[PDB]
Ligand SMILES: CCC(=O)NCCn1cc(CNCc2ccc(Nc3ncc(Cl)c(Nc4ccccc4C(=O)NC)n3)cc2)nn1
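Encoded as structure tokens, the following chain is the form deposited without this ligand, with no partner shown.
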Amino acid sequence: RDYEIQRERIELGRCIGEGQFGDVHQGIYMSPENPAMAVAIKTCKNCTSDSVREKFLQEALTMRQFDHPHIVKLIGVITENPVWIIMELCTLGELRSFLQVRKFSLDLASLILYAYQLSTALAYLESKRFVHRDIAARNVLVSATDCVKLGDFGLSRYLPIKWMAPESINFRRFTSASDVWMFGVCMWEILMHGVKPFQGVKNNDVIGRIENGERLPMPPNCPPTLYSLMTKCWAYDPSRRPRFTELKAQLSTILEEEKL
């Protein structure tokens, strides 16, 4: 399985977004006989540098290891010097925008589905002992109206204060359990249709509030069972948090309950 791609197979489209290292484009990956495949193209501002190249291509290295229907897929790589990472395109874009715009077109069942799908991706990473460290609505991508996928593994295992677990803020401890806390904040974001947590609150006051037992309130229309799951994700003691395996099974049930 060779990930090196011929540049002539790639057609660059417009700029779609930005990363640490440069502009992200949409585009096309072309193959003989095949249909034209839409793709995302990560660009590297200073790929002439060995230093800058390494951290850039590290995300691709990290994606290389994963294979899951709700995690964005590495298509390939071009190491010739306009260095490019070719990723699967999620044509509907970032989840937060999607939820803000498509609010009156979505139902509670679609929101729980996204949460379930993401829990599915997170269990899978949990089984590989991979910690994402940046679970948030902005980093989730919409592949279809019934399909979200987790992206942006700039931060990895093997600062987003308002999403972080207390032991990550206090002691730089990053684990599956701290991912669970973040997922809980992400679920709140989904149910709030892409409102940010702790608006009008300073990053440095976030820990104080969390230490005082404060938690994001129950979104309008959120079912009590679901909010109950979210508060469990926000146990101060990381050992009382459910694992992504537990969450996935609970979200399945809650989703079925809401469809019925």
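Think of the rigid core as the biggest set of C-alphas that the two forms share within 1.5 Å after superposition. In case it trips you up, residue 1 is the first one in the sequence shown, and so on.
Relative to the displayed structure, the C-alphas of 32 to 40 lie farther away on average in 8 other deposited structures of this protein than those of the other candidate, with 216 to 224 and 32 to 40 compared after rigid core superposition.
A fit on the rigid core, followed by a root mean square over CA positions in 8 other deposited structures of this protein, ranks 183 to 191 against 74 to 82 and picks 74 to 82 as the more shifted one. Of the other structures of this protein that model both sides of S127, every one gives it coordinates; not a third omit it. Across the other PDB entries of this protein whose models span the neighbouring residues, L155 goes unmodelled in a third or more. Missing coordinates between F104 and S105 amount to none of the deposited residues, so the segment is unbroken. The mean C-alpha temperature factor is higher for 54 to 62 when 191 to 199 and 54 to 62 are set side by side. Averaged over Cα atoms, the B-factor as recorded in the entry is higher for 12 to 20 than for the other of 12 to 20 and 242 to 250. Across the residues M218, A235, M37, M230, the deposited record lists the maximum Cα B factor for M37. Note on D152, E167, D179, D146: the highest value goes to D152, judged by CA B factor as recorded. Annotation for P224: C-alpha temperature factor in the middle third relative to the rest of the modelled chain, per the entry. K42: CA B factor in the middle third of modelled residues in this chain (values from the PDB entry).
When the modelled residues of the chain are ordered by their C-alpha B factor, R157 lands in the highest third. In the PDB entry, a CA B factor belonging to the highest third of its chain's modelled residues is recorded for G27.
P69: CA B factor lies in the lowest third for its chain, per the PDB record.
There is another form of this protein, the form deposited with this ligand bound, and it is not shown here; the text below is about that form.
For the candidate set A40, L226, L191, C233, a heavy atom within 4.5 Å of this ligand in the entry with it bound is found for exactly one residue, namely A40. Of the residues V72, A115, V185, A165, just one reaches this ligand in the entry with it bound with a heavy atom at 4.5 Å or closer; this is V72.
Partner contact region in the entry with it bound: 137 to 145, out of 176 to 184, 76 to 84, 118 to 126, 137 to 145, criterion any non-hydrogen atom within 4.5 Å of this ligand. Taking non-hydrogen atoms only, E246 never approaches this ligand to within 4.5 angstroms in the entry with it bound. This ligand in the entry with it bound is not approached by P160, whose heavy atoms all lie more than 4.5 angstroms from it. Contact check for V101: a non-hydrogen atom falls within 4.5 Å of this ligand in the entry with it bound. Not displayed here, this ligand is kept clear of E11 by more than 4.5 Å at the level of heavy atoms in the entry with it bound. Of all the residues from 217 to 251, none has a non-hydrogen atom no more than 4.5 Å from this ligand in the entry with it bound.
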